[PDB]
Amino acid sequence: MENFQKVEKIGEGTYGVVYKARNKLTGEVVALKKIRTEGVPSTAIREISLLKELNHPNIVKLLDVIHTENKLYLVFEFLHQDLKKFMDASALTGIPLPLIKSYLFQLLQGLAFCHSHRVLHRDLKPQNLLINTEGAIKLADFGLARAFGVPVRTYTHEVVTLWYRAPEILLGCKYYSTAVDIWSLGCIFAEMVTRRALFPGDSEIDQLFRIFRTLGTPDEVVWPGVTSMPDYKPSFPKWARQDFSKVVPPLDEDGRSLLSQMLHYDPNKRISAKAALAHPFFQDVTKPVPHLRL
Ligand SMILES: Nc1nc(Nc2ccc(C(=O)O)cc2)sc1C(=O)c1cccnc1
């Protein structure tokens, strides 16, 4: 790009490609996201233009928004690594619990902030959580289903991940609440702890049944109204709920208790980011620094 000397391609999100680039003028290194078409709507440019004011230590700062030629460019502060790479890098030893706790705590602060401002992320996943050498972790991407709406893929033939999708979404609820972000964060928390995706579905139905096999097929008792959901079918198999101690060993009881609250089927029962920050699990929370290999 004329103003940016693209360093490299560091990703290809569900909306566009992300590049590491240097402002030929300021010399600042940033993350430049190219957005995907036939004119680029204005309702979105506003939704986006609104994000620039959403500043918090646990939210990646959106520096500039540039609309030009069917392509929208989002300029973000650059962070050196994402949680997916860090988890892969920590696979053999596991991320130390104090760091897992710090990361969870910070992301909940980020979400509490977003949610208090009625902003929903909607697509939390390891690849959308960025970390630095200082021990911070920030929410990135935020998708844009409200400012657009996930079509059929990312933008150019790429398998979207369903692993962190809340059940109400999979069951066709058209109106997501902040609860979907807590569910996703719950899934990531479990994954950091066990070093294995909690619900690695490879299709919407497989994702749904993996959740059902583990947490039990929901019914009107645990989730009032579930049998009325758009994609609910009486023919869904009926699996019993598995014991939580088998789901995330060796997470301690405080952690398991918090996780169960983040994974309640009923969105209305699911814990809020604000309430989660008060959970006993965070009593001894600290801010360790990660060992990042850049
Ligand atoms: N600001 C920002 N910084 C990133 N850094 C890296 C990310 C990954 C790696 C890596 O895998 O080595 C290095 C730096 S990615 C990113 C984004 O704002 C973003 C993330 C995901 C989707 N869309 C935009």
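In this analysis, Cβ positions are derived from the backbone assuming ideal geometry, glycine residues included, and neighbour counts consider all displayed protein chains. Where a number appears in this text, it was derived from the coordinates with a stated rule and is not lab data.
All conditions in (1) within 16 Å of the ligand (Cβ to nearest atom); (2) out of contact with any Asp or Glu (no Cβ under 8 Å at 6 or more places or on another chain); (3) under 22 Å from residue 258 (Cα atoms) hold for residue 164, with the sole exception of (2). You will find that of 123, 88, 82, the residue that is closer than 29 Å to residue 259 by Cα, exposed (fewer than 15 other Cβ atoms within 10 Å of the Cβ) and within 16 Å of the ligand (Cβ to nearest atom) is 88 and no other.
Regarding residue 69, is this residue within 10 Å of the ligand (Cβ to nearest atom) and among the acidic types (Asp, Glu)?
Values: within 10 Å of the ligand (Cβ to nearest atom): no; among the acidic types (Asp, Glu): yes.
Considered against the rule, which asks whether it is within 10 Å of the ligand (Cβ to nearest atom) and among the acidic types (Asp, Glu), residue 69 comes out as no.
Between 138, 233, 246, the distinction of being part of a loop (DSSP other than H, G, I, E, B) and not acidic (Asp, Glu) belongs to 233 only. Within region 13-27, the set of residues being surrounded by fewer than 16 Cβ atoms within 10 Å (Cβ to Cβ) and either near the ligand (Cβ under 8 Å from one of its atoms) or in a strand (DSSP E or B) (or both) is empty. Any residue at all in region 28-42 that's over 25 Å from the mean Cα position of the chain (by Cα), more than 10 Å from the ligand (Cβ to nearest atom), at negative phi and not in a loop (DSSP other than H, G, I, E, B)? Looking for residues that are over 25 Å from the mean Cα position of the chain (by Cα), more than 10 Å from the ligand (Cβ to nearest atom), at negative phi and not in a loop (DSSP other than H, G, I, E, B), one finds at least one in region 28-42, hence yes.
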